[PDB]
Each structure stands twice: as C-alpha cells, then as structure tokens.
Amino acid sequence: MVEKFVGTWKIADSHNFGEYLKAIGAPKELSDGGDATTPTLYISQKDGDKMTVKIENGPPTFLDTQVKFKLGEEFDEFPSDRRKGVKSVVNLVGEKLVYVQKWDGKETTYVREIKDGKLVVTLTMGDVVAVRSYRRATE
C-alpha cells in the first residue's frame, strides 16, 4: 500500500530529466538546474490514504518544498517549475502510486514503484519520458 513508501530516500540515478522539465514548460535555467539536482525525500503517511512528502531538491536550485494529499482528492500544487493553475491527484493502481498533474489543458503523469528496494519514478509528458531512482540511506 502506501506504507512501503514511508521514510527517507536519496537519489541514485536520473535519465532524461531536464528534457522532461523542458517538456512541462520549465525555463532553461530550471530544467538544466533540475537535471543536476540530487534530491532527498522524507515521506510520511497517515491511515494508509494520506501522505506528506518533504523534498530538499538540493544544489544547484536549492529549492525545498512539500506536498500533502489524500488519495483520490484533488489538490492545488505550486511546483518549482513555476507552472500556474496546477491541479494534482494521487491514486493507487495495484502496487504503484500514480500522480497526475493537470494545468492549462495539459496533463503529465508520475508512476512510482519500489523495485529491489529502490523507489523508481517514471515521468511522462506526451512523448517525452524520464526516469529517476532513489535509494535508502545506509545510516
């Protein structure tokens, strides 16, 4: 369920992420900056259907943020890429956590799964796909 996602995560690898950020409309400074980040996540949950994610994106953007949501309930988001009017919703599909953002008539999706102990996110904006993986801290 949601329990398996809980706790701290640190980035392990990233592919095509700047290109994804450009595709969702981020300015070049932020897409190139975002591509270089090494984020840390702190995930917490309540009741198996509420989550809070605190993110330290890290250098070179140095943006910290958080999202808080209930599964199935749309919420407003103000992401680092500066898109306006973003409406987000998160739901489970099997063992995967699927996060959809809608803004300006467009949609983008993040699919999150645990694979051999790593948190793997696949990001899709139209034909542009990216992937990032996170690991647990050893201490």
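In this text, residue numbers run from 1 along the sequence as written.
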query: Residue range whose averaged C-alpha B-factor is higher in the record, 44-52 or 27-35; finding: 44-52
query: 111-119 set against 14-22, stretch whose average Cα temperature factor tops the other in the entry; finding: 111-119
query: Ranked C-alpha temperature factor of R132 among modelled chain residues, by third; finding: lowest
query: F75 CA temperature factor, ranked by third within the chain; finding: middle
query: Position of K96 among the chain's modelled residues by C-alpha B-factor, lowest, middle or highest third; finding: highest
query: Assigned third (lowest, middle, highest) for the C-alpha B factor of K102; finding: lowest
